[PDB]
Structures are given as structure tokens and as C-alpha cells.
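Chain by chain, the residues:
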Amino acid sequence: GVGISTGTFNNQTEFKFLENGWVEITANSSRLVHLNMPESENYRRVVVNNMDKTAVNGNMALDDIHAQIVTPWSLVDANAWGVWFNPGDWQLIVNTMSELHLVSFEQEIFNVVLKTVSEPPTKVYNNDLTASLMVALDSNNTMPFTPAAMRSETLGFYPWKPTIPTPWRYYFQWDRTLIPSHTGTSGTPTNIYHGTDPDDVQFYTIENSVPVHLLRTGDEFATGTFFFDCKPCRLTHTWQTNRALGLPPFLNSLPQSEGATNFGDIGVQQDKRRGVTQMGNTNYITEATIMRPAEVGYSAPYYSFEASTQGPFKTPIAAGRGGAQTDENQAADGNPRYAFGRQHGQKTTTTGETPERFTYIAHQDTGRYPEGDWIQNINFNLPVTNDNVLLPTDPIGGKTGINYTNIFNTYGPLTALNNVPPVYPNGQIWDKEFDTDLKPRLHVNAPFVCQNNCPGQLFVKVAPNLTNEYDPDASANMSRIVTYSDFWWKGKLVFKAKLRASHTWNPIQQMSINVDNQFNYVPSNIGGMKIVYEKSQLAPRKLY
Amino acid sequence: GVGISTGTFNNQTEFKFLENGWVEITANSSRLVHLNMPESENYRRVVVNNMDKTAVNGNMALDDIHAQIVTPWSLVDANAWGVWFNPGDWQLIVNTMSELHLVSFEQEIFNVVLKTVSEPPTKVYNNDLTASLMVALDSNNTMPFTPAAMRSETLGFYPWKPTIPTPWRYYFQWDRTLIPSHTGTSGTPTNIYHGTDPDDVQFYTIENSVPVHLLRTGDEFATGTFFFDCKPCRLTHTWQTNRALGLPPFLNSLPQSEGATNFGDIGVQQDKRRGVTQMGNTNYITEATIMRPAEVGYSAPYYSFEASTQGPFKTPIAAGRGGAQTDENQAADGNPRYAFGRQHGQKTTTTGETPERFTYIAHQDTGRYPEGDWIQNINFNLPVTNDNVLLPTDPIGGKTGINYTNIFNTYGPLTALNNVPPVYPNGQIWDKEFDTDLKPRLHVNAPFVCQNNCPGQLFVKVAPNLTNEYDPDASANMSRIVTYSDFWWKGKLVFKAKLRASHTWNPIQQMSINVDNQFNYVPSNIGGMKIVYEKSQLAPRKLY
Amino acid sequence: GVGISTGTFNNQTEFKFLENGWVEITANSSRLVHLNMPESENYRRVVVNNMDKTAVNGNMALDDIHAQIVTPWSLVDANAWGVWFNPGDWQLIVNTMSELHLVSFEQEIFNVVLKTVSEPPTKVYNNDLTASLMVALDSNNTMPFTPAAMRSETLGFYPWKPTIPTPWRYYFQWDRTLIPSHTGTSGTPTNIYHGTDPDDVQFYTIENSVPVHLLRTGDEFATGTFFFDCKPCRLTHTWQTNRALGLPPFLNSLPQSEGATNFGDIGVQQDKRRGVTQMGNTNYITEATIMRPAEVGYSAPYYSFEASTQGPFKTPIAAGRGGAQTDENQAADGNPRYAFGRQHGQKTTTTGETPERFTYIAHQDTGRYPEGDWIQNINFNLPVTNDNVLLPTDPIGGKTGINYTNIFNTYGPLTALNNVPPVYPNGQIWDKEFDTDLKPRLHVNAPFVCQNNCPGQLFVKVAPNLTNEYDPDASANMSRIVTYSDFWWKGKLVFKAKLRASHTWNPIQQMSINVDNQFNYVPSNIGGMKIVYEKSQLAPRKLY
Ligand SMILES: [Ca+2]
Ligand SMILES: [Ca+2]
Ligand SMILES: [Ca+2]
Ligand SMILES: [Ca+2]
Ligand SMILES: [Ca+2]
Ligand SMILES: [Ca+2]
């Protein structure tokens, strides 16, 4: 009914402690989504082209060619930590728990309203009570999956501020070639957009693949409750790298007085020691030689682009880096860098139109430091001669800036690593699994990955508001009455975490407020706000 | 439904006499609350600063520094005697009863309506039937408690006049220093606002702490019925001060003829009398010496400011004063002074913008008269020499205007006193108890204090009315359609009083109308009105 | 049996999460108590006397006279946080919970062993399997209560290090006088130890008041399980001082641009404002004038010694202080200062024999800053003249260093304050209540206070090991065989805490390890260790 409300705004989280310390966190989100009528009621296929840019020689990475079907539908996407937990709850979940399990997820659209604008320099807005807002929910997932969180196009992270959905659009198959080159490269590299291969053509439309519901003021649509099925994320980090795995060499000479220079001592000739190693040659048994069960971490090619059918692309790393030898200044390939607008973090009161960025660097020691790597000649005669050793300092291919470690992959049967950690408050939450016959061991964008099917996509769109003049048989773009619309949105994501227990004697790391961050969690005398990213795996944990 | 009313205006009290004379007074209140859209849809943190003023030297008391979170929500507060009883009922409850007990309290919001304004010099108002009024009810009390009655910001005291709620805002932790000084004080006293201590930072938002309900014309929200749990107020006053406690000395010579100068007479040398005293020294047993069981009242420091973390503040007194030696002209520390606007008392037809004030002076003799105090030397040799006596006339610290009684506290185990009386029609009714481990024996602002939890707070706010243009990703303050709203409010406060009985031969005090006040309870030929404060503990009562 | 163990060393804590988040923390403690034979098998009455010291004039505070009954029994006391939680668990209990409730407490003595020493320069130790260790347990509390934790004489805070019980001794009634004096004081002040008043003489002996159990190797004694009955401690702190209580003045001019100097503004003449105050005089309504319900905190006399029967003693304060204006440098009367040895904190590897000290300064803003206090003349005419104001700068009694605030007590009916917080790891846990007819509202040494009866005291003592020569009828101190003894001790203290929930948007304070404290929770290359004190009420909480 017009004068009747059809739902309830609620943005309240709820920790429900149960038996055996397994809390049941119920995060509720409500927002006031705002929505205008499409630029055109049509589906368009468009090609983005920037030859000129990549045509520079030694500029291949700045490639941007591609094609896309530009649907007239907007997409309401709430997949991002910043939509379900304020900083206050994120500090709770991160300090006290150890593992999170995604459980359900339900959402509805209530209190819909549609209005229409009129001139002159004085616009006038009046309800159009018979108009309709279209909602459609691709539940089976006939529609291609497009996680908005990857281009900061999710929902507002502040409950007390309106928000908006993103215009949906998806990738359309296209061939394209482009040969790599540096600056000194002579001539012109084949840089061409070939076109399309019919065998891979796929044009989707909501109309034909999903049942669209029309809603009027008095209406309201609510999805069902979906239950995720997939592995538990953890909120602990490991630090033991292959070098701190096992039983330490038994010292024979323990130091006799406190002193930053009083080191105990193994006390046994490197080649007279007992133990095991994989070096059939020597009899040396050092910390870098002894034999650790397997290998934490792996070495992968850095800033290497591979390329197929549609063009060059970076070769994703799952380890990253980190360390007393990074400090974000040394931030290398691996550590993800988030760039975002005012809706999700950047100081609202901030003008100018430059994104806000931060490079997340996890607490886990499982990435590598290439500098220290090296390779010796099987014979193993040390001190190693220059001819028998290949360092990260020696050039490869003849390039001064390229070393062996730059094309090195050490990923093998004995590799062990962890899944990407949650990145509050800009990270994705769940991601759909690849429909390939052999799937990845992890997605580098999401902590959780629905095994079976992921929740479906929810699309909305303001129904066409025809005037009194209209003739389809004409080429002229139809003309509609200006009509925008506002409606409320409310989801409910429910994870089930497990409490933590202290095993150490020493206290551990804990997220906390200090005289230094103190002002990142309060608004400005203007009403300015901002959400500063938090790390999510504070406490350590034995790996072996 | 739009064309349907959803409630009933009722401002009618009801005394329901039961068995054993224990009436059940049911005061009902209805008002037509009026409400505009927030200045900004944001929460702001602001600091009030008036260095300049307190920077005068000998001006510390006029300090006004502090910080506050300025929420975009209004608060409907009906906590004040002037909202539930007209003068007519207040005369009833005060003349015939003896003790009041707070019992329940329920309230609802019915008949909501939202409108929108349009130009030119001719404004035009039209219903926006799809718009929504937001109501939220912090029942658990997650929200900080802010009794409006302390700044005359409660609801209208006249049922036949519209009214409005107050913009909510609460105190935000902040340090600050300021050294006391008088005029002759040389140099500059450390007068600085230090800032904030993170460890005490608390930013609350309704959105995240309470479920907000959206209402449309056809909607209506009603809270539940809460049952207060706390001590009974009384409507009698005591007069016996330590000097009229017990068995009077037995007179030996009763006067023989009427005469303002015919005093009877004890007839026994002050040092040959029998009885008890606490003066191990002397053998004198006068009315000022004999031993009364305990001590009615206590002496406290007057116009003394103490100071902690956030600045100087007056040290509240719970006794006040009063007497044939006050007459409000002598009104000292203790007696509260109320200052208020047209909504609650000041003559409506009165122009100019100066508040209306009155200093309430209770009927109970339990305060003190410092003038008459004094201290003698243990030896007790009278007439007391100047060296053995310290009077309220002798200067302390060397200040001509400061005497010993000015820093004197006589509050001790034997102290007895009463709880603050009801102050019609500007006084608060109930107050929430301090969440401290050791609580006060009384609040000096409320007669009743909920032991457990006090009724929750009700906040309302006009939902954002977005136009057709809006982009969150921009720093510019959003722009909304002008929208105000009106709705009805109705509460029901139910106390349960007990009737009184005459024990004396002489009649007692009674509130009544006379040729002198006669025109404070009728309107003016203009429609002018006003509510004059009434005392509430008319009849006397034996203390011991 | 000799070759049979009679118990189990266990120093393991256990958090048992139940329904509604109310964990059940079970702290277990085991230690290897070590014990020698008494210096003499007799009870002695001794008098400590240091006239000479206090006889200095202006040295009264350094008084140490008293008498004591020196029993031949040792006392095993485990009353101290440092005995039940390592830092690791203390960080858990403090960061995640909100209130603790003491629940039970049981303890036993198992695996007893007695040995005996023999010469020459070569001592030889041999089991004396028939010898006996005496254990006695004053359960009814016939014995005077002596909490060892007040002189750092509790049990070892490290499970992997042996420990020892304290020689028991208790206060014996004695009169004594001593007149206060400063340096310039002429002549000699009456400084005398008067002796004893028979009417207060009380000589207690374990033998006559408790059943002593003899134990041999194969024996083992276990007490019962006692259930404490007393109030819950809290792990939150308040910050609102009278100045941040209530509804903040409604600002009329909110600032228009971010700026450390952009303060909003009340915008209404200090004497034209509405509201309530207790100043019958003026019409000013400032933040230091308006009327707050009651008064958080109280002002008490500082570094004031009172004196009765047995001599001068400091007048304990329950508020302390703290603030941006203390920093421990300003640490004044109130904040307790702990001094301790290697057994409980001081760096074990540290030589020299100076105690380790730290002044605990709580997070709660409920103490005062005397500097800012002041008093005005009732008339209230500001700017305040020097004659009408008495500041903390003006001398009292004629002493340059004494001001009015130095003898000021503002404790009155309206006072509100909290109970002392837990002081890890040197603080006492429970304390016995005074057997007075009117008891204190709090003990300043313990967070918990058994209402009924406190657990009883456990005393141990090595039974007399007579030689072949012995004649009681002789004055010569008997002669025994040298005999020491070792035994194990194990208690189990069980509190029941309640989990916490986030209400704020901003994260809160949390105990945590950082590059700065990092080495206070790990041992030294020598085996050095130490326990650094932790604060226990991290998170804030609305007071009103
Ligand atoms: Ca093909
Ligand atoms: Ca690390
Ligand atoms: Ca602090
Ligand atoms: Ca009177
Ligand atoms: Ca006596
Ligand atoms: Ca503080």
C-alpha cells in the first residue's frame, strides 16, 4: 500500500555465544540505495581501444583494449567486508577469534519509491505512484559473474549515507595481438585488435534469462536465505619459514652472561656433525643445509606478463612478500594494492579527484626475499667461485636489470602455503569458483570460495516511462519521462566463528586504538569520515 | 492507510480510588510534535571553546569548553511534571496525598504526515505520500542518557499548542586545564584545552545500535509498557531540626497570663541540671548542648568548584537552605534555580528573548544558616574569648570574604536528610542511576531514580529525500528536497499514590487560588498563557 | 607410601565457554614450596623501636614502633594475581571480558619430603623417612588475618622456580604517643612508647586454636573447596566526570570547515540561557554552573596523617588521581605504589638489593586535580576579587606550602565512585571484611571482599626433631637435628567472567605486545625473567 512501510532498516551486528565457544556473528546491513533511469534502454556492444598509448614501445603494460556488452541494468553488489562490519566489530572478530566460517546470506528490497523531474530552472519532483522499479535475481547464475568489489563498486560503508548500484556490463570475446618491446625497440611492434571469434560469442540479456519482478511503492521483494558451502578462513598467521622448522641444533656452549653479543654455541665442526641433508656431495650440515620436511612458500616470476588470445596480463602471485626488509617501500609483486573512492574509505570531505590507496602487507612469513637467493654448481666447493655461482646480481639474457630470480619458479610437490587473508574494509568476501575441470588451489581475491554455486546476482532497473508520443517503427531513440527512484536494501550475512585460547606465556598482537590512529575512528567537525584498513590475522600459530 | 487515522489524541488524567485509599492516578498526554529535516545527514564532532571569556582572570566559573557528537537525530523527551499534570491536577495530588510511586509508562507515535516545500515568494506545500519518518527506540540504553528537562528542552506543557523534539547530541571525552585566579591575579593562568584521551573515546550512532522503523502516513509505532522499579516520593515535609528533637526540658515555672512576653521557665541552674551531653568538659546542659540522637542535615562547602580531567565544576549540595532568614533574597547554594522559555511556562505573549526564572525553595528545614555557626576551644571556658573561638566573621587563608564555614563539611555517619521534592512544572521526574560501583544516596535533579534500567530513549528523524541528482563519490554535501513532517505523540504515565489523614488539631497548608495568583490560571484576552511553579510538599510530618 | 607419589603438579588455566557468553576460567597453580625449621620452637612477643629516627623533628612519618607475636609457624599464602595467571592469560581476561566473579578455591599439599644436614665442610643430606611436616588450617578464622600480598610475601609467580612460605607473626596491642613537628620545631616532642593496655591483650597460638595434622612422605593433605560470596569486579573504566554528564548545551553555530581552531558555538549570552543550576544568586549557566545529577568522585585531605591509640598513620584515599596532568611524575596521594623482590617480578638476574617499584595509575577519571579547585564568596560577583576568592595558591594556617585544598573533604551523600581495579601481577585478590558494625564501602587493597567468611589460613611447620639429649626442666634452648623440608602445593582458583560486546564505532584499547615491551615476556640468554605490571580496565563504559 502507498501509505504503508514494507520493511525495517536495521544495521546491527549480533554475536551469539554458544556451547564450546563458537560464537554466531550475525551482521545485518541496511542502506538507502538511490537509482536513476538508464542512459538508453538498449544493450550495446562496445570496444575500448587505446592503441596510441601502448603504441609507445616499452609501454605494453598500459594496455586497455577489450569489448563489453553494456546492459541497461544496474547491479546491487554487497560483497565486501566494509559493508557488514564497522571498525568496532572488526576489532572484536580479529582479536578474540581464530577461524571464521561463512554460513548464510539473505536480502530484500523494501520501501520502494519512484519520482519524476520537471522544469524550468526550478525543477519540481512529484511522486509517480503507478510507476514501477524492476528487480531481477539471477539465482542459477545464468548471468556471468561480476564481483564489484574488484573496482571499488560495492555498497556504501556508512549506514547513515545513501548509496548507489553499479551499471552492469560484462566481457565479450575478442582476439587481439601486441608484441612486447622496450624503448630502444626499433620499428613498430604488431599491435592490433583482431576482432571476434564466433565460436566464443555469448550475448546475454536479463530479459531472456531471469524472471523480472515489477514493484510499486507498496511492494517489496526479498530473496531467500542461501547457505554457503566452503572452507573456513583463519585469523592467525604463521611465521616459521623452512629455517625454523624442526629440532634446533643442540648447542654445546650456552652463553654465561647477559649481552647483545653473547651468543651460545653449537660447538661442533660443520663437517663432523650428525643429522640429515639432501646434498649427496658435502658433509656440511648447517642451518641452510640440514633437511626440513617440506617447503613453506614458493618462488615465482616477478612482473612477468604472459599472454593469450586476448592480450598480455600479469602473472598473479599467491605469496606476496613482507618483512623487516620491505616496509611497503620494498613492497614487491604479491602484496595487493587497494585504490578507492569516498564511498568506501577515502576521507569524504576530501576534494580533488584522486583515489585513495594502500598496499596491504600480511603478517605471514611465507613470501620470499629474492636478493638473498643464489645457485651453486653441484660439486659444491666453497668458498664458491664466480663461475660456479649464479647470483641475483648477475644479468640474464644480457639485460642489466634482469637476473635469474626474475624468471624463477620453485613451485613443486613439496610446496605449502596459506590462503589469502581478509582485507578490511575493502576486500571481497566470497568468490565463485572457476568452471574449469582442474581448479586453482586458491583465489587471490577472496578468503572464501563457494564450492557448489555462489549466491545469485541481484539486478535492478527503473522501468521505461513512455510519454504520449512513441513509435517503435522509428530509428529515433525513444523518449521517456525523467524518472529516478530510491529504495531500501537490507542483507544479513551470518558467519560462525570459534573463540581463541592462549598457549604462550607472552601476550600477543592485538588491534587497538592509540594516540596515533585515534582520529581515524571519529568524525570531523564537518562530518568528515573515513575507514582505515585493518590487518586481520594478528596472532601467531605453530605451523609445524 | 492514507485516508485512515491511526490513533487517538487524549490528554486526560484519571484518579482511580481503590481499597484502603491508594488512588491510581493515570496521567495521559498527547501532543502534535512538529519536525524538520536535519541540517546535514551527518554525525559531527564539535568543540566548544571560549578561552577569551575565562581568560579574564577571576572568571573561571564562566568556563564553557567541551566537545560533542552532534547526531542528525531529534529526541522526543517527555520527562517533566509539566507534561503530565495541568495545575488543576497538581493541586489535587499535592493537597490530598502523601506519597507517590512511579508505576509504568507507555508511548506511541500515530497519524504521521510528511510534506514538502516549493517556491517562489509563494511557497507551496504538498503531501509526499511515499516519504518516510524514521523512529528508533534505544530500549536497552546503548545510547548515552540525555535528560532534556535539564535545559528546558522537554515537551510542550500545553496540549492545545504544537511542539517540537530536541536535536540530540552527546558529550565526547576531552582533557582540559584551567587554573583558578582572581582579578588581582598577575600573569596568565594555564588555560588550555588539551585534546582527547583515546582510552576514553566513544562514538555512538543510532544506525549501528538500534533498529530504526520507517513509517508512512498509514503507519504508527507504539512502544511497550515499561514498569519503573524505585522508591516512593513523599509529599510531606519535616521541620524538626536537631533543636526540636526529643523530650523538651521540663519547665518549672509556667507563665501566669497571656502575653507576648510571658515565657515559661525551666527554673534550674544550667550546671545543676540532669540529662545527657557529649561535652566531657562542662556540666552545662542547654538546648544547644544536650544530646540529640543524630543529626538532621549536614554542612557542605559553598560555591566551591572542584576539578578533574575535563575542567572546573560546582560541587552540588543536597540540602539547600530556606527560612525566615532567606526569602529567596538570601537564597544560597543548594536551592535550584529554573530558567525557561515559552514552551514551558514563560508568558507566551511575552516578547524579547530573556528566559523566565524562579528559585525553588522547599518547605523542609534541613538546610543550614552558616552565619550562626561557630567553633570553640575544647576547654570550653565561656564567655568565649576571641582566641578560643573561630566565627563565620573571621577570615580564612587571609581572604576578607572567606570564612571557615566556607570550606566546612559536617557530613558524617550520623547524617539524616530527605530526597529532593517534585518541582512542578519544570522538574525532571525519573533519572537514570550512575553506573558506578558505589552510587549516590540521591540525585539532586530527580525525585525518582530507576534502580534497574530506565525507560529507553525515543529518537525520530525525517528520512533523506534525495533528488534526481546524487553521487556519493563526491565531496559536496548531498542535496535533498525540503521536507518537514508532523506526527502525533501520546504517552501514559501511571503513578499510584496513597491518601492522607489528619493527625493534628490545627488545619494544615494547602495549595489554593487567591485574589493574588488568580490570574496565573486563566488565559489572557490575547490567548496568552503561563504556568507558575508550585511547591509540592505542603503538609508537615513528625521526623522523630 | 614412601615410594609412591601422592598428587599431581598442574599449572594450567582453562576457559570453559558456556551459554550466553559467560566463560568459566579455571586457574590452576602448583609450586614446589621449600621449608626450613623455625629459628626457635617458641612464641615470642617483640617490640620494634626506632625513637632515634622519628626523634629527628619533622620526621614523624618515618615512625616504625609496634609489637608483634612472632609465631614459629610459616604461612603459605597464595593471594595475588601473579600466582594464578601468567601474562598470556591476563591479556585474554582483560581484552575480551567485562566482569569477573570470584567463585571457589581449593588447595592441597602433596608429595611431602623431609631431609637432614650433616658435616664437615662437606654437608651430607639424607632422608629422615620417619620425620613429620606439620600442617594446620585455621578454617573458622580464629587466627588473625594477615594477607601476605601487602608486603610482597606471597608465592612465586613462576611455576618453574621453587618457592617459600612466610614466617607468620601478628600485631600485639600497644599504646604509644608522638607529637608532630617540623624541622624548625624547638625542644623535644613527646615521643614515647607507653606500653600495653591489658583490656586489649590477645595472645593466639595455633596449637590451641587449630587441629594440626602431621604428614610423612606418604601422606598428603588437601583442603576442601570454598565458595566465595561477594560482588563482581569489572574490567571497564569510566571517564565522564561531572563535566560530561547529561545533555550538552545545544550549539547554535556549528563550524563550517575543518580546522583545529574551528570550534562550534553555543551562541547565547551566559545570562540569558535556559536550564538549571544550584546558584540561587546568578543567572549564569555555564558548563561549570549548570546542574549535574550527582557528583562523580570526592575531594580528600592529602598527605594528612591522623592518629589514635597506637600512633600516626596516613589517611587512605580511594580515588587516587591520574591524567594528562600526572604522567606518574605528578603521581599524588591515591595512586598505590608497589615495591617488590625477585620472586614476584624484579628481574631475577638482577643483583644488588634494591626493590623493584611501580606506581599503578588507573584508566578511570574519578580522581581530582587540586590545582584547579577554588572557592568564591556566596555573592558571586565576577571577575572574582582576591578578597572573595580562596585559591589553591593562598596559604592556610600561615604555612607557605599548605593551601585550603590540603585539608578539604567533599565526600557527601551525592558521592559516586568505583571499586579499586585489579593490579596484575602484584595485587591482592580477595580481602576479609572488617568486623565492625559499620563497614567500609570498599577496601583499597582488594577488588573482592568476602561478605561472610574468607577462606581460612594454611600454616605449615617442620615438627621438632629432638636429639638423644633433652631435658625440658632446663632453661637452655633445646637442641634439634637440622632438618629442612620440601613439599608440593597446588591450588585452584575459579572465577566466572562474562564476555564483552562492541557498542562503539571506534575500536577500543587493548593490551598488546609491541616492539617496545616485546622483551618483557621472554627469558634472557641467562634464564633471566621478569613480570611487568599490566593495567586491567582497558575499555571505556558509559557512566550515565
Ligand atoms: Ca574459432
Ligand atoms: Ca613477521
Ligand atoms: Ca590514557
Ligand atoms: Ca519552615
Ligand atoms: Ca583500658
Ligand atoms: Ca582518561
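## Things to note about the overall build of chain A
And step 1. Each helix and strand in chain A was counted, giving four helices and 34 strands.
And step 2. Reported as C-alpha extents along the three principal axes, the dimensions of chain A are approximately 95 × 70 × 45 Å.
And step 3. For chain A, the proportion of its 544 residues judged to be buried stands at 45%.
And step 4. Sequence-distant contacts, at least 24 apart, represent 73% of the contacts inside chain A between residues at least 6 apart.

## As for the interface of chain B and chain C
And step 1. Counting residues at the interface gives 118 residues for chain B, matched by 106 residues for chain C.
And step 2. Taking both partners together, chain B and chain C bury about 10400 Å²; carbon and sulfur atoms supply 58% of that area.
And step 3. In terms of surface lost to chain C, no three residues of chain B exceed B:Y171, B:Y303 and B:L438, which account for 8% of the buried area on that side.
And step 4. At the junction of chain B with chain C, the criterion picks out eight salt bridges.
And step 5. Salt-bridge contacts for B:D435 lead to C:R234; the nearest nitrogen and oxygen are separated by 2.9 Å.
And step 6. No other element matches the eight residues that strand β22 (residues 333–340) of chain B contributes to the side of chain B that touches chain C.
And step 7. Split into classes, the residues belonging to the side of chain B that touches chain C amount to 54 nonpolar, 40 polar and 24 charged.
And step 8. Two strands pair when backbone bridges link them, and β22(B) and strand β19 (residues 275–279) of chain C are joined in this way by four bridges, in the antiparallel orientation.

## Points about the relation of the copies chain B and chain A
And step 1. Each copy of the sequence occupies a distinct position, and chain B is placed on chain A by a rotation of 72° and an axial shift of 0.0 Å, giving an RMSD of 0.0 Å. Taken together, the rotation and translation relating the two chain copies correspond to the operation of a five-fold axis.
And step 2. Of the residues that chain B buries at the interface, just 10% are likewise interface residues in chain A, meaning the two copies contact each other through different surfaces.

## What to know about the packing of aromatic side chains
And step 1. Applying the stated criterion to the full structure yields 87 aromatic pairs over all chains.
And step 2. Where A:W81 meets A:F495, the ring centres are 5.5 Å apart and the plane angle is 25°; that geometry is what we call stacked. Taken as a pair, A:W81 in helix α2 (residues 81–84) and A:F495 in strand β32 (residues 483–495) lie far apart in primary sequence, 414 residues in all. Across this residue pair, the class does not change: A:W81 and A:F495 are buried.
And step 3. Ring plane angle 50° and centroid distance 5.3 Å describe the contact between C:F105 and C:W430, whose orientation is recorded as tilted.

## Observations regarding the coordination of the calcium ion (ligand 4)
Tetrahedral metal sites with four donors have an ideal angle of 109.5 degrees; octahedral sites with six donors have ideal angles of 90 or 180 degrees.
And step 1. Those donors, B:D365 (OD) and B:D365 (OD), are the protein atoms that reach the calcium ion (ligand 4), and they lie 2.6 to 3.2 Å from it.
And step 2. Counting through the fold element by element, B:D365 comes out in the loop between β23 (356–359) and β24 (375–376).

## Some points on the sheet that holds strand β17 (residues 233–234) of chain C
Two modes of strand pairing occur in sheets, parallel and antiparallel, and in both the strands are linked by backbone hydrogen bonds.
Residue and element names in this part refer to chain C.
And step 1. One open sheet accounts for three strands, arranged β17-β7-β34; its pairing is antiparallel. Edge positions in the sheet fall to β17 and β34 (498–499), since each has one partner strand and no second.
And step 2. One ladder, built from two bridges, connects strand β7 (residues 97–100) with β34; its direction is antiparallel. Looking at β34, one finds that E99 is bridged to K498.
And step 3. Lying over the sheet, helix α3 (residues 87–96) contacts β7 and β34, oriented at roughly 100° with respect to β7.

## As for the coordination of the calcium ion (ligand 1)
And step 1. Note on the calcium ion (ligand 1): its protein donors are A:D197 (OD), A:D197 (OD) and A:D199 (OD). The metal-donor distances range over 2.3 to 2.9 Å.
And step 2. According to the relative accessible area criterion, A:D199 is exposed, its value standing at 67%.

## Examining the interface of chain B and chain A
And step 1. Counting residues at the interface gives 50 residues for chain B, matched by 53 residues for chain A.
And step 2. On the surface where chain B and chain A come into contact, there are two salt bridges.
And step 3. Across the salt bridge formed by B:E469 and A:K123, the nearest N and O atoms sit 3.6 Å from each other.
And step 4. The tally of links between chain B and chain A comes to 20 residue pairs in polar contact.
And step 5. Secondary-structure elements contributing two or more residues to the side of chain B that touches chain A are β4 (44–48), α4 (206–209) and β15 (212–215) of chain B.
And step 6. Top element by residues in the side of chain B that touches chain A is β15(B). It accounts for four residues.
And step 7. The residue makeup of the side of chain B that touches chain A, split by class, is 23 nonpolar, 16 polar and eleven charged.

## Structural notes on the relation of the copies chain B and chain C
And step 1. In screw terms, the move from chain B to chain C is a rotation of 120° and a rise of 0.0 Å along the axis, fitting with an RMSD of 0.0 Å. The symmetry that links the two subunits is that of a three-fold axis.
And step 2. Different-surface contact between copies: only 6% of interface residues of chain B are shared with the interface of chain C.

## Examining the state of the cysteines
All names here are of chain A.
And step 1. The full count for this structure, using the stated rule, is three disulfides over all chains.
And step 2. Between the sulfur atoms of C450 and its disulfide partner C454 the distance amounts to 2.0 Å. The chirality of the disulfide connecting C450 with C454 is right-handed, given an S-S dihedral of about 95°.
And step 3. Free of any disulfide, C230 has its nearest neighbouring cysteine sulfur in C450, separated by 5.4 Å.
And step 4. Taking relative accessible area as the criterion, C230 reaches 12% and is therefore assigned buried.

## Concerning the environment of A:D387
And step 1. By the secondary structure assignment, A:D387 is in the loop between β24 (375–376) and β25 (389–390).
And step 2. Owing to a relative accessible area of 69%, A:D387 belongs among the exposed residues under this scheme.

## Comments concerning the sheet that holds strand β5 (residues 66–70) of chain B
All names here are of chain B.
And step 1. Taken together, three strands build an open sheet; the order of strands is β4-β5-β12 and the sheet is antiparallel. Looking along the sheet, the strands with just one partner apiece sit at the ends: β4 and β12 (170–171).
And step 2. Across two bridges, the pairing between β5 and β12 is antiparallel. Residue pairing for β12: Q68 is matched across the bridge by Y171.

## Description of the environment of A:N42
And step 1. By secondary structure assignment, the location of A:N42 is in the loop between β3 (34–36) and β4 (44–48).
And step 2. Taking the C-alpha atoms as reference points, A:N42 and A:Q269, separated by 227 residues in sequence, lie 79 Å from one another.

## Topic: a positive patch on the surface
And step 1. Taken together, the side chains of B:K231, B:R441, C:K231 and C:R441 present a region of like positive charge at the surface.
And step 2. Looking at where B:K231 falls in the secondary structure, it is placed in the loop between β16 (221–227) and β17 (233–234).
And step 3. Owing to a relative accessible area of 65%, B:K231 belongs among the exposed residues under this scheme.

## Thoughts on the side chain of A:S512
And step 1. Topologically, A:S512 is positioned in the loop between β33 (498–499) and β34 (539–540).
And step 2. In contact with A:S512, other than residues within four places in its own chain, are A:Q91, A:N517, C:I508, C:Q509 and C:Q510.

## Points about the pairing of strand β28 (residues 399–403) of chain C
And step 1. With two bridges connecting them, strand β27 (residues 395–396) of chain C and β28(C) associate as antiparallel partners. The partner of C:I396 across the bridge, within β28(C), is C:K399.

## Observations regarding the side chain of C:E433
Residue and element names in this part refer to chain C.
And step 1. Here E433 is to be found in the loop between β30 (430–432) and β31 (448–450).
And step 2. Within the buried set, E433 has no salt-bridge partner at all; the shortest N-O distance to an opposite charge, 6.1 Å, is to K439.
And step 3. At 2.9 Å, the side chain of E433 and the side chain of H443 are in polar contact.

About the criteria used
Bear in mind the residue numbers are our own, running from 1 along each chain as written, so they may not match the entry, and residues with no coordinates are left out. Each chain is given a letter, starting from A, and each ligand a number, starting from 1, according to the order in which they appear as written. Each value listed describes the chains present in this view, a part of a larger assembly. The basis for every side-chain value is the complete set of non-hydrogen atoms in the structure, without hydrogens or water. Helix and strand definitions follow DSSP, with helices as H or I runs of at least four residues and strands as E runs of at least two, each counted in order from the N terminus. Accessible area is worked out with a 1.4 Å probe on protein chains only. A residue is then buried under 20% of its type maximum, exposed over 50%, and partly exposed in between. Residue contacts follow a heavy-atom distance rule, with two residues in contact if any of their heavy atoms lie within 4.5 Å. Accessible surface is computed with a 1.4 Å probe, and the buried area is the amount of it that two parts give up when combined, taken over both parts together. By salt bridge we mean one thing: a side-chain nitrogen of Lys or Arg within 4 Å of a carboxyl oxygen of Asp or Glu. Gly is placed with the polar residues, together with every amino acid not listed as nonpolar (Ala, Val, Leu, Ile, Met, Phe, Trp, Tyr, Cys and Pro) or charged (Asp, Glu, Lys and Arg). Only strands that DSSP links by at least two bridges are regarded as paired with each other. Just so you know, the copies are superposed with least squares on the C-alpha atoms alone. Each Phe, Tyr or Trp ring, with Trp reduced to its six-membered ring, pairs with another whose centre is within 6.5 Å; inter-plane angles below 30 degrees give stacked pairs, above 60 give edge-to-face pairs, and intermediate values give tilted ones. For Na, K and Ca the donor cut-off is 3.2 Å; for every other metal, N, O and S atoms count as donors within 2.8 Å. Water does not enter the count, which can leave sites looking incomplete. Lines are fitted to the C-alpha atoms to define the axes, a helix being fitted only along its stretch in contact, and any angle between axes, read from their N-to-C directions, falls within 0 to 180 degrees. Here a polar contact means two N or O atoms within 3.5 Å. Within protein one must be a hydrogen donor candidate and the other an acceptor candidate, and residues neighboring in sequence count only if both atoms are side-chain atoms. When the sulfur atoms of two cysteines come within 2.5 Å, that pair is taken as a disulfide. For patch detection, residues must exceed 30% relative accessible area and be free of salt bridges, and they are connected within 9 Å for like charges or within 5 Å for nonpolar side chains (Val, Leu, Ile, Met, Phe, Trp, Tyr). In short, Shrake-Rupley with a 1.4 Å probe defines the accessible areas, and a residue's cover is counted only from the protein chains shown. Think of it this way: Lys and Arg go in the positive column, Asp and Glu in the negative one, and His and the chain ends go nowhere. By convention, the charge on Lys lies at NZ, on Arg at CZ, on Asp at CG and on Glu at CD.

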